[PDB]
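This is coords28.pdb. It holds PDB, C-alpha atoms.
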```
MODEL        1
ATOM      1  CA  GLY A 303      27.363  -5.700 -33.709  1.00  0.00           C
ATOM      2  CA  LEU A 304      30.578  -3.767 -33.161  1.00  0.00           C
ATOM      3  CA  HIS A 305      29.519  -0.283 -32.090  1.00  0.00           C
ATOM      4  CA  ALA A 306      30.845   2.800 -30.331  1.00  0.00           C
ATOM      5  CA  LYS A 307      29.324   5.350 -27.968  1.00  0.00           C
ATOM      6  CA  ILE A 308      30.739   8.873 -27.802  1.00  0.00           C
ATOM      7  CA  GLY A 309      30.827  10.519 -24.396  1.00  0.00           C
ATOM      8  CA  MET A 310      32.063  13.962 -25.417  1.00  0.00           C
ATOM      9  CA  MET A 311      32.942  14.961 -28.967  1.00  0.00           C
ATOM     10  CA  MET A 312      36.398  16.287 -29.779  1.00  0.00           C
ATOM     11  CA  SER A 313      36.710  19.868 -28.535  1.00  0.00           C
ATOM     12  CA  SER A 314      39.592  22.269 -28.008  1.00  0.00           C
ATOM     13  CA  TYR A 315      40.232  25.425 -26.006  1.00  0.00           C
ATOM     14  CA  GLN A 316      43.053  27.747 -24.961  1.00  0.00           C
ATOM     15  CA  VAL A 317      44.390  28.169 -21.433  1.00  0.00           C
ATOM     16  CA  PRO A 318      44.080  31.936 -20.876  1.00  0.00           C
ATOM     17  CA  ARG A 319      47.143  34.095 -20.331  1.00  0.00           C
ATOM     18  CA  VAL A 320      47.275  36.130 -17.123  1.00  0.00           C
ATOM     19  CA  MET A 321      50.629  37.933 -17.056  1.00  0.00           C
ATOM     20  CA  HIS A 322      52.625  39.269 -20.008  1.00  0.00           C
ATOM     21  CA  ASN A 323      55.013  36.292 -20.163  1.00  0.00           C
ATOM     22  CA  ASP A 324      52.544  33.442 -19.823  1.00  0.00           C
ATOM     23  CA  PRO A 325      53.330  30.714 -22.371  1.00  0.00           C
ATOM     24  CA  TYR A 326      50.780  29.799 -25.006  1.00  0.00           C
ATOM     25  CA  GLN A 327      48.983  26.520 -24.303  1.00  0.00           C
ATOM     26  CA  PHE A 328      46.118  24.623 -25.935  1.00  0.00           C
ATOM     27  CA  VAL A 329      44.262  21.473 -24.858  1.00  0.00           C
ATOM     28  CA  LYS A 330      42.332  18.861 -26.861  1.00  0.00           C
ATOM     29  CA  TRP A 331      40.252  16.149 -25.188  1.00  0.00           C
ATOM     30  CA  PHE A 332      37.923  13.329 -26.223  1.00  0.00           C
ATOM     31  CA  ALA A 333      35.865  10.526 -24.668  1.00  0.00           C
ATOM     32  CA  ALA A 334      34.271   7.399 -26.183  1.00  0.00           C
ATOM     33  CA  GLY A 335      34.032   3.647 -25.669  1.00  0.00           C
ATOM     34  CA  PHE A 336      33.688   0.384 -27.575  1.00  0.00           C
ATOM     35  CA  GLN A 337      31.858  -2.931 -27.188  1.00  0.00           C
ATOM     36  CA  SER A 338      30.951  -5.849 -29.454  1.00  0.00           C
ATOM     37  CA  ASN A 339      27.402  -7.125 -29.193  1.00  0.00           C
ATOM     38  CA  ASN A 340      26.461 -10.433 -27.594  1.00  0.00           C
ATOM     39  CA  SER A 341      22.989 -11.911 -27.811  1.00  0.00           C
ATOM     40  CA  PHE A 342      20.878 -13.107 -24.893  1.00  0.00           C
ATOM     41  CA  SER A 343      21.671 -16.706 -25.846  1.00  0.00           C
ATOM     42  CA  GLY A 344      25.429 -16.098 -25.870  1.00  0.00           C
ATOM     43  CA  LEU A 345      26.172 -15.754 -29.588  1.00  0.00           C
ATOM     44  CA  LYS A 346      29.304 -13.723 -30.329  1.00  0.00           C
ATOM     45  CA  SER A 347      29.527 -11.442 -33.333  1.00  0.00           C
ATOM     46  CA  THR A 348      33.187 -10.671 -34.185  1.00  0.00           C
ATOM     47  CA  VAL A 349      35.913 -13.045 -35.379  1.00  0.00           C
ATOM     48  CA  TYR A 350      39.618 -12.182 -35.177  1.00  0.00           C
ATOM     49  CA  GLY A 351      41.716 -14.300 -37.513  1.00  0.00           C
ATOM     50  CA  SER A 352      44.926 -15.534 -35.835  1.00  0.00           C
TER
ATOM     51  CA  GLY B 303      26.348  46.263  27.570  1.00  0.00           C
ATOM     52  CA  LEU B 304      27.148  43.121  25.606  1.00  0.00           C
ATOM     53  CA  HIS B 305      27.579  44.234  22.004  1.00  0.00           C
ATOM     54  CA  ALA B 306      29.118  43.111  18.728  1.00  0.00           C
ATOM     55  CA  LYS B 307      30.860  44.910  15.876  1.00  0.00           C
ATOM     56  CA  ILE B 308      30.796  43.438  12.374  1.00  0.00           C
ATOM     57  CA  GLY B 309      33.932  43.837  10.295  1.00  0.00           C
ATOM     58  CA  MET B 310      32.687  42.357   7.026  1.00  0.00           C
ATOM     59  CA  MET B 311      29.249  40.842   6.656  1.00  0.00           C
ATOM     60  CA  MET B 312      28.809  37.327   5.330  1.00  0.00           C
ATOM     61  CA  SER B 313      29.617  37.110   1.619  1.00  0.00           C
ATOM     62  CA  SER B 314      30.283  34.278  -0.807  1.00  0.00           C
ATOM     63  CA  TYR B 315      31.940  33.870  -4.193  1.00  0.00           C
ATOM     64  CA  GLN B 316      33.113  31.183  -6.610  1.00  0.00           C
ATOM     65  CA  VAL B 317      36.726  30.404  -7.481  1.00  0.00           C
ATOM     66  CA  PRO B 318      36.738  30.688 -11.291  1.00  0.00           C
ATOM     67  CA  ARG B 319      37.482  27.689 -13.478  1.00  0.00           C
ATOM     68  CA  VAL B 320      40.381  28.002 -15.916  1.00  0.00           C
ATOM     69  CA  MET B 321      40.750  24.649 -17.683  1.00  0.00           C
ATOM     70  CA  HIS B 322      38.007  22.178 -18.606  1.00  0.00           C
ATOM     71  CA  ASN B 323      38.617  19.881 -15.614  1.00  0.00           C
ATOM     72  CA  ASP B 324      38.923  22.454 -12.854  1.00  0.00           C
ATOM     73  CA  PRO B 325      36.904  21.357  -9.808  1.00  0.00           C
ATOM     74  CA  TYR B 326      34.037  23.488  -8.575  1.00  0.00           C
ATOM     75  CA  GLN B 327      34.858  25.467  -5.431  1.00  0.00           C
ATOM     76  CA  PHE B 328      33.049  28.094  -3.361  1.00  0.00           C
ATOM     77  CA  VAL B 329      34.212  30.185  -0.394  1.00  0.00           C
ATOM     78  CA  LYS B 330      32.281  31.853   2.443  1.00  0.00           C
ATOM     79  CA  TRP B 331      33.934  34.246   4.896  1.00  0.00           C
ATOM     80  CA  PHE B 332      32.914  36.464   7.806  1.00  0.00           C
ATOM     81  CA  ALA B 333      34.468  38.821  10.364  1.00  0.00           C
ATOM     82  CA  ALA B 334      33.133  40.248  13.651  1.00  0.00           C
ATOM     83  CA  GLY B 335      34.079  40.671  17.300  1.00  0.00           C
ATOM     84  CA  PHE B 336      32.579  40.807  20.783  1.00  0.00           C
ATOM     85  CA  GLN B 337      33.070  42.869  23.944  1.00  0.00           C
ATOM     86  CA  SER B 338      31.141  43.297  27.198  1.00  0.00           C
ATOM     87  CA  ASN B 339      30.958  46.878  28.444  1.00  0.00           C
ATOM     88  CA  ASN B 340      32.982  47.936  31.482  1.00  0.00           C
ATOM     89  CA  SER B 341      34.110  50.994  33.433  1.00  0.00           C
ATOM     90  CA  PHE B 342      37.283  52.321  35.029  1.00  0.00           C
ATOM     91  CA  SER B 343      37.287  50.627  38.428  1.00  0.00           C
ATOM     92  CA  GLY B 344      36.401  47.091  37.399  1.00  0.00           C
ATOM     93  CA  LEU B 345      32.636  47.447  37.347  1.00  0.00           C
ATOM     94  CA  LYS B 346      31.097  44.845  35.064  1.00  0.00           C
ATOM     95  CA  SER B 347      27.799  44.353  33.229  1.00  0.00           C
ATOM     96  CA  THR B 348      27.448  40.582  32.607  1.00  0.00           C
ATOM     97  CA  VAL B 349      27.019  37.773  35.138  1.00  0.00           C
ATOM     98  CA  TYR B 350      27.696  34.122  34.286  1.00  0.00           C
ATOM     99  CA  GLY B 351      26.015  31.746  36.710  1.00  0.00           C
ATOM    100  CA  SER B 352      28.328  28.876  37.739  1.00  0.00           C
TER
ENDMDL
END
```
How does this structure look as C-alpha cells?
Amino acid sequence: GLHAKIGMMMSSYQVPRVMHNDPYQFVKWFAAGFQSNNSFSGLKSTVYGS
Amino acid sequence: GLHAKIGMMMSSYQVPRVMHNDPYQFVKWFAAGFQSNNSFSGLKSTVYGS
C-alpha cells in the first residue's frame, strides 16, 4: 500500500575550519520518497476524505 | 642539437572535498621548453623542408 523508500538516512557533519576566525557551521541532509501502490488492474489503495 | 629541458615532470592530484556535495575534480600539470642549438655567427643545426 502506502510505502516509503529511503535514499540516504539522516546524517550530519561539520564544515571544517581553516583559519582562526572561520565561523562554526553544521549541515544535516536527508533523502527519501513516497508512493501509494496501484495494482496491475488499476485498483487504488488510499482514500482521502474531503 | 635539438634538445628539451623539463621544468616539472607530469604530476597529478585531487582537489579535496570539503562538504558532502563537493564535485570530484582532478588536475594534471606539466612544464618544459625547447631550443635548437646554434652558434655565434648564425650557424644552425635543424633544417625544415618546405
Distance in Å - atom CA of residue A:309 versus atom CA of residue A:329: 17.3 Å
Could you give me, as a tab-separated table, every chain B residue with an atom at most 10 Å from chain A, plus its closest atom pair and distance in Å to one decimal, counting all atoms listed in the file, rows ordered by chain then number?
```
residue	atom	partner	partner_atom	distance
B:320	CA	A:317	CA	6.8
B:321	CA	A:317	CA	6.3
B:322	CA	A:315	CA	8.4
```
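Going from atom CA of residue B:345 to atom CA of residue B:333 covers 28.4 Å.
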7 Å contact set for residue B:332, all atoms listed in the file, chain neighbours under 2 positions out, as JSON, numbers by chain: {"B": [310, 311, 312, 334]}
Rotated and translated chain B onto chain A by C-alpha atoms, as a PDB file with C-alpha atoms, in the coordinates of the input:
```
ATOM      1  CA  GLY B 303      27.145  -5.425 -34.235  1.00  0.00           C
ATOM      2  CA  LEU B 304      30.373  -3.567 -33.533  1.00  0.00           C
ATOM      3  CA  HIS B 305      29.350  -0.045 -32.561  1.00  0.00           C
ATOM      4  CA  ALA B 306      30.660   3.024 -30.763  1.00  0.00           C
ATOM      5  CA  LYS B 307      29.081   5.642 -28.516  1.00  0.00           C
ATOM      6  CA  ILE B 308      30.576   9.128 -28.310  1.00  0.00           C
ATOM      7  CA  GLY B 309      30.524  10.814 -24.923  1.00  0.00           C
ATOM      8  CA  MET B 310      31.904  14.211 -25.912  1.00  0.00           C
ATOM      9  CA  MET B 311      33.062  14.995 -29.418  1.00  0.00           C
ATOM     10  CA  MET B 312      36.528  16.370 -30.056  1.00  0.00           C
ATOM     11  CA  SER B 313      36.867  19.957 -28.835  1.00  0.00           C
ATOM     12  CA  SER B 314      39.779  22.289 -28.178  1.00  0.00           C
ATOM     13  CA  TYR B 315      40.391  25.451 -26.177  1.00  0.00           C
ATOM     14  CA  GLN B 316      43.211  27.713 -25.006  1.00  0.00           C
ATOM     15  CA  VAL B 317      44.365  28.144 -21.414  1.00  0.00           C
ATOM     16  CA  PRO B 318      44.126  31.924 -20.915  1.00  0.00           C
ATOM     17  CA  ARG B 319      47.209  34.010 -20.227  1.00  0.00           C
ATOM     18  CA  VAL B 320      47.221  36.080 -17.040  1.00  0.00           C
ATOM     19  CA  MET B 321      50.613  37.795 -16.809  1.00  0.00           C
ATOM     20  CA  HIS B 322      52.800  39.046 -19.661  1.00  0.00           C
ATOM     21  CA  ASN B 323      55.115  36.006 -19.655  1.00  0.00           C
ATOM     22  CA  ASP B 324      52.557  33.225 -19.419  1.00  0.00           C
ATOM     23  CA  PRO B 325      53.408  30.446 -21.891  1.00  0.00           C
ATOM     24  CA  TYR B 326      50.981  29.565 -24.651  1.00  0.00           C
ATOM     25  CA  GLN B 327      49.062  26.341 -24.013  1.00  0.00           C
ATOM     26  CA  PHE B 328      46.241  24.501 -25.777  1.00  0.00           C
ATOM     27  CA  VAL B 329      44.248  21.412 -24.770  1.00  0.00           C
ATOM     28  CA  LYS B 330      42.360  18.826 -26.845  1.00  0.00           C
ATOM     29  CA  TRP B 331      40.123  16.188 -25.261  1.00  0.00           C
ATOM     30  CA  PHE B 332      37.780  13.419 -26.389  1.00  0.00           C
ATOM     31  CA  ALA B 333      35.567  10.688 -24.919  1.00  0.00           C
ATOM     32  CA  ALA B 334      33.975   7.584 -26.485  1.00  0.00           C
ATOM     33  CA  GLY B 335      33.611   3.847 -25.945  1.00  0.00           C
ATOM     34  CA  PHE B 336      33.284   0.570 -27.830  1.00  0.00           C
ATOM     35  CA  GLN B 337      31.249  -2.630 -27.512  1.00  0.00           C
ATOM     36  CA  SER B 338      30.590  -5.629 -29.764  1.00  0.00           C
ATOM     37  CA  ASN B 339      26.996  -6.849 -29.725  1.00  0.00           C
ATOM     38  CA  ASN B 340      26.118 -10.111 -27.982  1.00  0.00           C
ATOM     39  CA  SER B 341      23.170 -12.188 -26.788  1.00  0.00           C
ATOM     40  CA  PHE B 342      22.158 -14.157 -23.709  1.00  0.00           C
ATOM     41  CA  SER B 343      23.807 -17.529 -24.288  1.00  0.00           C
ATOM     42  CA  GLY B 344      27.244 -16.395 -25.404  1.00  0.00           C
ATOM     43  CA  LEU B 345      26.505 -15.890 -29.079  1.00  0.00           C
ATOM     44  CA  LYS B 346      28.960 -13.434 -30.592  1.00  0.00           C
ATOM     45  CA  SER B 347      29.131 -11.214 -33.679  1.00  0.00           C
ATOM     46  CA  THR B 348      32.853 -10.549 -34.340  1.00  0.00           C
ATOM     47  CA  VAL B 349      35.576 -13.005 -35.357  1.00  0.00           C
ATOM     48  CA  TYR B 350      39.286 -12.236 -34.962  1.00  0.00           C
ATOM     49  CA  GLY B 351      41.451 -14.436 -37.158  1.00  0.00           C
ATOM     50  CA  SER B 352      44.531 -15.732 -35.293  1.00  0.00           C
TER      51      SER B 352
END
```
Pick from B:351, B:319, B:308, B:313, whichever lies nearest to residue B:336 using all atoms listed in the file: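 When distances to residue B:336 are compared using all atoms listed in the file, the smallest one comes from B:308.
Across the structure, atom CA of residue B:347 and atom CA of residue B:306 are spaced 14.6 Å apart.
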Given all atoms listed in the file as the counted atoms, nearest of B:344, B:352, B:324, B:337 to residue B:303: B:337
Extending 8 Å beyond the listed atoms of stretch 317-328 of chain B on each side, what axis-aligned box results? I want centre and edge lengths in Å to one decimal, as JSON.
```
{"center_x": 36.9, "center_y": 25.3, "center_z": -11.0, "size_x": 23.7, "size_y": 26.8, "size_z": 31.2}
```
